[PDB]
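S.K.: Would you mind keeping the following structure in view while I ask a few things?
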Amino acid sequence: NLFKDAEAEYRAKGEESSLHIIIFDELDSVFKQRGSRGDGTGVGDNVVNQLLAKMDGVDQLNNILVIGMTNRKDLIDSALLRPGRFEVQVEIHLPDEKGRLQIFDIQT
Amino acid sequence: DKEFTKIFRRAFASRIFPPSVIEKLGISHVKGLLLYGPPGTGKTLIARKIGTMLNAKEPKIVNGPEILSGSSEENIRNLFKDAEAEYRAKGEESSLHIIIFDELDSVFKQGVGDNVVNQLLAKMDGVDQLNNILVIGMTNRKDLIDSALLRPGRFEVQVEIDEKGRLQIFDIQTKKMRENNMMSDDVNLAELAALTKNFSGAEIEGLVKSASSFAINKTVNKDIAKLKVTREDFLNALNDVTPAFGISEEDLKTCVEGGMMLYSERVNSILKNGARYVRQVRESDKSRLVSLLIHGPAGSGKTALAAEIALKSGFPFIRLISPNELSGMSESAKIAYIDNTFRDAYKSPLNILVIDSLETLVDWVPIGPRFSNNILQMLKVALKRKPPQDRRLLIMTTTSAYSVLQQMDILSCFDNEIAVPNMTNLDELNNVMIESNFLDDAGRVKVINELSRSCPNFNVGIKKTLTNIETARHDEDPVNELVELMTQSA
Ligand SMILES: Nc1ncnc2c1ncn2[C@@H]1O[C@H](COP(=O)(O)OP(=O)(O)OP(=O)(O)O)[C@@H](O)[C@H]1O
């Protein structure tokens, strides 16, 4: 239900469609490994399948950029770490001394 | 092509004969074909091409993970309705139906994933004699396949899935940019192929996009006509993408990083003997296994010499077994790593294998004495095993504890020994000094005079000489350092 606006604008205006960006906080919360097992309600697996279907079989939606912020990459399902799905991964590490000075300046 | 011939000749031959003969004799057509290999080999491509090439029924492509849904069993059983009805209508005349299940191991692991197996096994064999259905199972991980399916009569045939092809796919990708006169002539595609050794198609697309990205950056902080992709972007973008392979040929090149000096003729003699043995292995058809031992005082330099001989050999296959690779492993892991390293040397017409510091692999310490008997026995057995038919090995092992090996009685396993004595005459020191351009002529003439009056017999290893020269270069370039230091290391 989140992608309806992008689909509508794409269908309406071809390549003139503006850029729509949606960002998923706490990505590892729901999209854990889809082979966890447990013999119970499967709503924790069809969620990944739905997102993967709307992200891979996009039907040529080329005006969407999803940003995912997390603290533990290892827990993310491996199926989403491949070309065409979350390609670029940027690591943010601890600041350097000059960055420390910049942060101190900004804070004060 | 070889697999393409095997699968066609052996499996897909029975259907050619007139149907009545098959019906009468009772010969049974092979049912299962398992194509396996690393990701990106194109297993899906081959699966698709097989159906069209053989003029078979339109393939039913179904994703492995999508199988997840009693409705899963309903789908599995419904899959076979068309083939069952078609065979019922005609019989032996039914056309060949092919079903491909991508990522078989995803759902067919050792309870939807169990009921699916139940349905498939119930339909596949027993009451049914449908020889018109061919199921192709493709998986990147062969070990994960259920044992219930790994048995005779099911998936009998297993098939395992280059530089030129890589260049061709590069051309395929580049066509659009090259045609529109936006590519500089300096870019050598073959060079990029030589750089990309362990990359798959998606990685190639990624490198293309990143290299273009650098050209994009060059413009943005109406001259769009000058947007050109340069070789520098291709060189720079290589840092983003990464492969998932490994090579040890580099390890055999770093061991000689310090280079040769030819400070004495015996070095040339040893090299000559090595080139003789390599030729002997190359030419004789009876000598299918040659073992050599290279022994000498510690620090004289033995790994570098063997690595040099191996690099001069030029054989298709060369490898090194060094302690560094085994560090941190448990015993049951070392014994398997050593076994695998040997088992991978029997798949090529000519092979060279180098073993480094034999006594260190065995964990020898003289206080006990303590050592690991299992690895010792494994190596002793391996060093005498003849390779399979028509394949030839050359093994060179380096050691520094000749006496210990004598005690263990392992010495009977080697065919010949080569001794490498460390330099003792000041002439060799002069050669090394001129080779290392340590000092001018006057200093290099005074050093010998200073030494001759203090230490007539030199007896120092080359490694120590090099390190001493390096450390003396800084404190006091004049002789007043070196002669002392070396006298201290005598
Ligand atoms: N025959 C040789 N001629 C010239 N340089 C050599 C020769 N052998 C070894 N060296 C130099 O010695 C350096 C280190 O020697 P190397 O590692 O082979 O010693 P080693 O005696 O095998 O060592 P270890 O003491 O670990 O048993 C190499 O970088 C190489 O440049």
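S.K.: What does the C-alpha gyration tensor say about the overall shape of chain A? Classify as rounded when a/c is under 1.5, otherwise prolate if a/b is larger than b/c, or oblate. Present the calculation step by step, with values, prior to reporting the outcome.
M.R.: Working: a/c = 2.57, a/b = 1.26, b/c = 2.05.
Because a/c hits 1.5 or more and a/b fails to exceed b/c, chain A counts as oblate.
S.K.: Please name whichever of B:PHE12, B:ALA310, B:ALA193 sits farthest to the positive end of the charge dipole of chain B, dipole taken about the Cα centre and charges placed at Cβ: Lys and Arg +1, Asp and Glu -1.
M.R.: B:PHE12
S.K.: Contact order normalised by length for the range B:310-444, with contacts defined as Cα pairs under 8 Å and 6 or more residues apart; what percent is it? Walk me through the numbers before you get to the answer.
M.R.: Values: 107 pairs, mean separation 31.9, N = 135.
The value is 24 percent.
S.K.: Continuing with the same structure: Assign one of three labels to the range B:332-437, namely rounded, prolate or oblate, based on the Cα gyration tensor with a ≥ b ≥ c the square roots of its eigenvalues; rounded applies when a/c is under 1.5, prolate when it is not and a/b is larger than b/c, and oblate otherwise. Please report the intermediate quantities before stating the final value.
M.R.: Values: a/c = 2.29, a/b = 1.41, b/c = 1.63.
Here the range B:332-437 falls in the oblate category.
S.K.: Using only alpha carbon pairs under 8 Å that are at least six residues apart, calculate the relative contact order of chain A and give it in whole percent.
M.R.: Working: 72 pairs, mean separation 37.3, N = 108.
Once normalised by length, the contact order is 35 percent.
S.K.: What FRET efficiency, computed as 1/(1 + (r/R0)^6) with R0 = 45 Å and r the Cβ-Cβ distance, is obtained for B:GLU93 and A:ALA53, rounded to the nearest 0.05? Please list the in-between numbers first.
M.R.: Working: r = 40 Å, r/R0 = 0.88.
About 0.70, to the nearest 0.05.
S.K.: With label points built 7 Å along Cα→Cβ from the Cα atoms of B:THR487 and A:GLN102, find their separation and express it in nm.
M.R.: Placing both labels 7 Å beyond Cα along the Cβ direction yields 5.9 nm.
S.K.: Right, something else. If the cut-off is a Cα-Cα distance under 20 Å, which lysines reach B:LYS347, setting aside same-chain residues fewer than 8 apart in sequence?
M.R.: Of all the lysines, those that pass the test against B:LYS347 - Cα under 20 Å, at least 8 places apart if same chain - are B:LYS2, B:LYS6, B:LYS286, B:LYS384, B:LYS386.
S.K.: Can you sort B:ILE216, B:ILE469 so the residue with the fewest Cβ neighbours within 10 Å comes first? Don't skip to the answer; put the middle values down first.
M.R.: Details: B:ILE216 13, B:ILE469 18.
By the 10 Å Cβ count, ascending: B:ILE216, B:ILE469.
S.K.: A further question follows. Hey, if you put +1 on the Cβ of every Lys and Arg and -1 on every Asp and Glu Cβ in the protein assembly as shown, which of B:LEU33, B:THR139, B:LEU227 ends up farthest toward the positive end of that dipole?
M.R.: B:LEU33
S.K.: Let me ask something else about it. I'd like the distance separating the alpha-carbon centroids of the range B:432-490 and the range B:118-166, in whole Å.
M.R.: Computed from Cα coordinates, the inter-centre distance equals 70 Å.
S.K.: Hey, with R₀ at 45 Å, roughly what FRET efficiency would B:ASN75 and B:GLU232 work out to, going by the Cβ-Cβ distance, to 0.05? Could the numbers behind the result be given before it?
M.R.: Values: r = 54 Å, r/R0 = 1.20.
So the FRET efficiency works out to roughly 0.25.
S.K.: Just subtract the alpha-carbon distance of B:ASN373 and B:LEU289 from 0.36 nm times their residue separation and send over the number in nm, one decimal. Could the numbers behind the result be given before it?
M.R.: Details: separation 84, 0.36 × 84 = 30.24 nm, distance 2.47 nm.
Roughly 27.8 nm would be gained on extension.
S.K.: Now for a different question. DSSP loop GluC sites (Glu not before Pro) in the range B:233-288 with at most 11 other Cβ atoms within 10 Å of their Cβ, which ones? Before the final figure, lay out each step's value.
M.R.: Numbers: sites: B:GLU249, B:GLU250, B:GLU257, B:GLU265, B:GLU283; in loops: B:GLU249, B:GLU250, B:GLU257.
Within the range B:233-288, the qualifying GluC sites (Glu not before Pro) (loop, at most 11 other Cβ atoms within 10 Å) are B:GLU249, B:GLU250, B:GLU257.
S.K.: Related question: By how many degrees, 0 to 90 and rounded to 10, does the Cα axis of helix A:4-13 deviate from the longest principal axis of chain A?
M.R.: 80
S.K.: Mind checking which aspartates and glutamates have their Cα closer than 18 Å to the Cα of B:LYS81? Skip sequence neighbours fewer than 8 apart in that chain.
M.R.: The qualifying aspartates and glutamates are B:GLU58, B:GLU73, B:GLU92, B:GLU93, B:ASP125, B:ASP128.
S.K.: Measure off 7 Å from each Cα along the Cα-to-Cβ vector at B:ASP223 and A:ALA8, then give the distance between these two points in nanometres to one decimal.
M.R.: 4.5
S.K.: Just to confirm a number: summing +1 for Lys and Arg and -1 for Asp and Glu over residues other than A:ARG11 whose beta-carbon lies under 13 angstrom from that of A:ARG11, what do you get? Present the calculation step by step, with values, prior to reporting the outcome.
M.R.: On the way: positive: A:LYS4, A:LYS13; negative: A:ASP5, A:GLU7, A:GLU9, A:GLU15, A:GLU16, A:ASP59.
Within the 13 Å Cβ shell, the charges total -4.
S.K.: Cβ under 14 Å from B:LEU238's Cβ, B:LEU238 left aside: what net charge do those residues give with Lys, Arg +1 and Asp, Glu -1?
M.R.: Values: positive: B:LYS197, B:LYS209, B:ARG231; negative: B:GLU191, B:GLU203, B:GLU232, B:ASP233, B:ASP240.
With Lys, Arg at +1 and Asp, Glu at -1, the net is -2.
S.K.: All other residues with a Cβ under 12 Å from the Cβ of B:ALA345 taken together, and with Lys, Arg as +1 and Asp, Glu as -1, what is their net charge? Display every interim value, and only then the final one.
M.R.: Numbers: positive: B:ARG319, B:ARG343, B:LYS347, B:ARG385, B:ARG391, B:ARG392; negative: B:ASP339, B:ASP344.
In short, +4.
S.K.: Now a separate question. Could you tell me how far the Cα centroid of the range B:282-328 sits from the Cα centroid of the range B:49-114, in Å?
M.R.: With the range B:49-114 and the range B:282-328 each reduced to a Cα centre, they are spaced 53 Å.
S.K.: Treat each spin label as a single point 7 Å out from the Cα along the C-beta direction, and report the B:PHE315 to B:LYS2 distance in nm.
M.R.: Inter-label distance under the simple model: 1.9 nm.
S.K.: May I ask for the distance between the Cα centers of the range B:411-430 and the range B:373-401, given as a whole number of Å?
M.R.: About 23 Å separates the Cα centre of the range B:411-430 from the one of the range B:373-401.
S.K.: Using helices alone, I'd like the mean residue ellipticity at 222 nm for chain B: each DSSP H run of four-plus residues gives -39500 (n - 2.57), total over residue count, nearest 500.
M.R.: Working: 23 runs with 227 residues, N = 490.
Taken over chain B, the calculation gives -13500 deg cm²/dmol.
S.K.: Which entries of B:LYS175/B:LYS253; B:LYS164/B:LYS222; B:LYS272/B:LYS463 show an alpha-carbon separation above 28 angstrom in the structure shown? Intermediate results must be reported in sequence, preceding the final value.
M.R.: Working: B:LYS175/B:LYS253 37 Å; B:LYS164/B:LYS222 40 Å; B:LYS272/B:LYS463 23 Å.
Pairs exceeding 28 Å: B:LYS175/B:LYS253; B:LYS164/B:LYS222.
S.K.: Now for a separate question. Cut-off under 24 Å on the C-alpha distance; same-chain residues fewer than 8 positions from A:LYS13 excluded. Which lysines are left, in chain and number order?
M.R.: Straight-distance partners of A:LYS13: A:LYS4, A:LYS54.
S.K.: Please work out the FRET efficiency for the pair A:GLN89 and B:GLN173, using the Cβ-Cβ distance as r and a Förster radius of 22 Å; give the result to the nearest 0.05. Walk me through the intermediate numbers first.
M.R.: Working: r = 23 Å, r/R0 = 1.05.
Working from the Cβ atoms, E equals 0.40.
Heads up, the Cβs are rebuilt from the backbone with ideal geometry, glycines too, and the neighbour counts pull from every protein chain shown. Only the coordinates and a few stated rules stand behind these numbers; no lab work does.
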